[PDB]
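S.K.: Take this structure, written in structure tokens, and hold onto it; I'll ask about it next.
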Amino acid sequence: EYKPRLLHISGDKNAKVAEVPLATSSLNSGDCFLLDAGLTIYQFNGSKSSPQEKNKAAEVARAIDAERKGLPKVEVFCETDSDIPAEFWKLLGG
């Protein structure tokens with residue numbers, strides 16, 4: 001099947017970000033997250049925490065931005081409510 005990627009951007013006051021395997025349930029709503037799917041990519045940023053993961057994340061998305069040359073499509077949002085749109089959760093969870 002396609003090659004999905006689960007990146008995580010968060011760490012309460014001790015922010016930390018790094019690669020991660022699939023995880024729809026073990027996800028982390030509230031901090032900024034990034035899933036990579038073939039050409040599309042959803043930075044499911046989480047509003048319960050904006051500055052830590054927004055910095056560490058914007059850092060990660062920037063590097064991926066220069067690596068793929070923007071060829072792929074991205075979707076970024078650090079939201080909490082409605083944080084589970086069947087489309088993204090169907091992608092990595094379904």
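Every chain in the structure tokens takes a letter, A first, then B, and so on in the order presented; its residues are numbered from 1, and the ligands are numbered from 1 following the presented order.
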So that I can see what lies close to residue 33 (chain A), please list as a VMD selection string the residues with an atom at most 7 Å from it, counting only C-alpha atoms and leaving out residues fewer than 6 positions away in the same chain.

M.R.: chain A and resid 7 to 9 43 to 46

S.K.: Could you write out the selected residues, including N, CA, C and O atoms, as a PDB file, in the first residue's frame?

M.R.:
```
ATOM      1  N   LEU A   7       4.788  11.893  11.733  1.00  0.00           N
ATOM      2  CA  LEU A   7       5.776  12.783  12.419  1.00  0.00           C
ATOM      3  C   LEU A   7       5.033  13.448  13.556  1.00  0.00           C
ATOM      4  O   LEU A   7       3.847  13.703  13.482  1.00  0.00           O
ATOM      5  N   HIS A   8       5.709  13.669  14.625  1.00  0.00           N
ATOM      6  CA  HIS A   8       5.043  14.247  15.813  1.00  0.00           C
ATOM      7  C   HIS A   8       5.753  15.520  16.260  1.00  0.00           C
ATOM      8  O   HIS A   8       6.962  15.565  16.347  1.00  0.00           O
ATOM      9  N   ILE A   9       5.004  16.550  16.568  1.00  0.00           N
ATOM     10  CA  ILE A   9       5.634  17.825  17.029  1.00  0.00           C
ATOM     11  C   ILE A   9       5.023  18.213  18.378  1.00  0.00           C
ATOM     12  O   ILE A   9       3.969  18.848  18.426  1.00  0.00           O
ATOM     13  N   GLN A  43      -0.213  18.420   8.025  1.00  0.00           N
ATOM     14  CA  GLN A  43       0.345  18.821   9.323  1.00  0.00           C
ATOM     15  C   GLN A  43      -0.862  18.974  10.244  1.00  0.00           C
ATOM     16  O   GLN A  43      -1.432  20.046  10.326  1.00  0.00           O
ATOM     17  N   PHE A  44      -1.278  17.922  10.936  1.00  0.00           N
ATOM     18  CA  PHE A  44      -2.459  18.091  11.828  1.00  0.00           C
ATOM     19  C   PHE A  44      -1.949  18.773  13.055  1.00  0.00           C
ATOM     20  O   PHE A  44      -1.722  18.168  14.083  1.00  0.00           O
ATOM     21  N   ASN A  45      -1.782  20.018  12.954  1.00  0.00           N
ATOM     22  CA  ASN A  45      -1.296  20.782  14.071  1.00  0.00           C
ATOM     23  C   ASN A  45      -2.419  20.720  15.176  1.00  0.00           C
ATOM     24  O   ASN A  45      -3.591  20.638  14.854  1.00  0.00           O
ATOM     25  N   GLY A  46      -2.086  20.701  16.461  1.00  0.00           N
ATOM     26  CA  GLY A  46      -3.131  20.612  17.548  1.00  0.00           C
ATOM     27  C   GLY A  46      -3.141  21.906  18.408  1.00  0.00           C
ATOM     28  O   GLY A  46      -2.142  22.311  18.989  1.00  0.00           O
TER      29      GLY A  46
END
```

S.K.: Would you please give, as JSON, numbers by chain, all residues of chain A that DSSP assigns to strand (DSSP E or B) based on the backbone?

M.R.: {"A": [4, 5, 6, 7, 8, 9, 10, 16, 17, 18, 19, 20, 32, 33, 34, 35, 36, 37, 40, 41, 42, 43, 44, 45, 73, 74, 75, 76, 77, 78]}

S.K.: Rounded to one decimal in Å, what is the spacing between CA of residue 11 (chain A) and CA of residue 49 (chain A)?

M.R.: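 These two atoms are separated by 8.9 Å.
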
S.K.: Could you give me the residues within chain A that DSSP places in helix (DSSP H, G or I), as a list in words?

M.R.: residues 51, 52, 53, 54, 55, 56, 57, 58, 59, 60, 61, 62, 63, 64, 65, 66, 67, 68, 86, 87, 88, 89, 90, 91, 92 and 93 of chain A

S.K.: Check the smallest atom-to-atom distance from each of A:12, A:74, A:53, A:83 to residue 32 (chain A) using only C-alpha atoms, then report the winner.

M.R.: A:53

S.K.: Which residues, written as a VMD selection string, have at least one atom at most 7 Å from residue 73 (chain A), with only C-alpha atoms counted and residues fewer than 3 positions away on the same chain left out?

M.R.: chain A and resid 39 to 41 70

S.K.: Limited to C-alpha atoms, could you put the picked residues into a file as a compact mmCIF listing (two decimals), in the first residue's frame?

M.R.:
```txt
# COMPACT_ATOMS: atom_id res chain seq x y z
CA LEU A 39 2.38 13.51 -2.47
CA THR A 40 -0.11 14.94 0.03
CA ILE A 41 0.84 15.81 3.66
CA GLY A 70 6.75 21.90 -2.61
```

S.K.: Can you tell me which residues surround residue 89 (chain A) at a distance of at most 10 Å, considering only C-alpha atoms, apart from same-chain residues fewer than 6 positions away, and format the answer as JSON, numbers by chain?

M.R.: {"A": [23, 24, 25, 83]}

S.K.: Output the selection as a compact mmCIF listing (two decimals), in the first residue's frame - N, CA and C atoms for each residue.

M.R.:
```txt
# COMPACT_ATOMS: atom_id res chain seq x y z
N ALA A 23 -0.33 5.85 13.75
CA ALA A 23 -0.95 5.92 15.10
C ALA A 23 -2.17 6.84 15.10
N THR A 24 -3.30 6.31 14.75
CA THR A 24 -4.52 7.14 14.77
C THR A 24 -4.98 7.30 16.24
N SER A 25 -5.00 6.23 17.01
CA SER A 25 -5.41 6.33 18.42
C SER A 25 -4.26 6.90 19.27
N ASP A 83 -10.90 18.06 15.49
CA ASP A 83 -9.53 17.58 15.14
C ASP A 83 -9.60 16.23 14.43
```

S.K.: Excluding residue 92 (chain A) and residues on its chain fewer than 6 positions from it, collect all residues at most 9 Å away from it, counting only C-alpha atoms, and give them as number ranges by chain.

M.R.: A: 4-6, 22-24, 35, 37

S.K.: Create the file for the chosen residues now, containing C-alpha atoms and written as a JSON list (two decimals), in the first residue's frame.

M.R.:
```
[["chain", "number", "residue", "atom", "x", "y", "z"],
["A", 4, "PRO", "CA", 2.50, 6.78, 5.04],
["A", 5, "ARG", "CA", 4.70, 8.57, 7.60],
["A", 6, "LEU", "CA", 3.76, 9.77, 11.10],
["A", 22, "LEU", "CA", 1.27, 4.92, 12.15],
["A", 23, "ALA", "CA", -0.95, 5.92, 15.10],
["A", 24, "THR", "CA", -4.52, 7.14, 14.77],
["A", 35, "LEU", "CA", 1.41, 12.88, 8.45],
["A", 37, "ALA", "CA", 1.12, 10.45, 2.40]]
```

S.K.: Kindly give the distance, in Å, that separates CA of residue 18 (chain A) and CA of residue 94 (chain A), rounded to a single decimal.

M.R.: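 Between CA of residue 18 (chain A) and CA of residue 94 (chain A) the gap works out to 22.8 Å.
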
S.K.: Taking into account only C-alpha atoms, which residue in the set A:78, A:85, A:38, A:29 is nearest to residue 3 (chain A)?

M.R.: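 Among A:78, A:85, A:38, A:29, it is A:38 that comes nearest to residue 3 (chain A).
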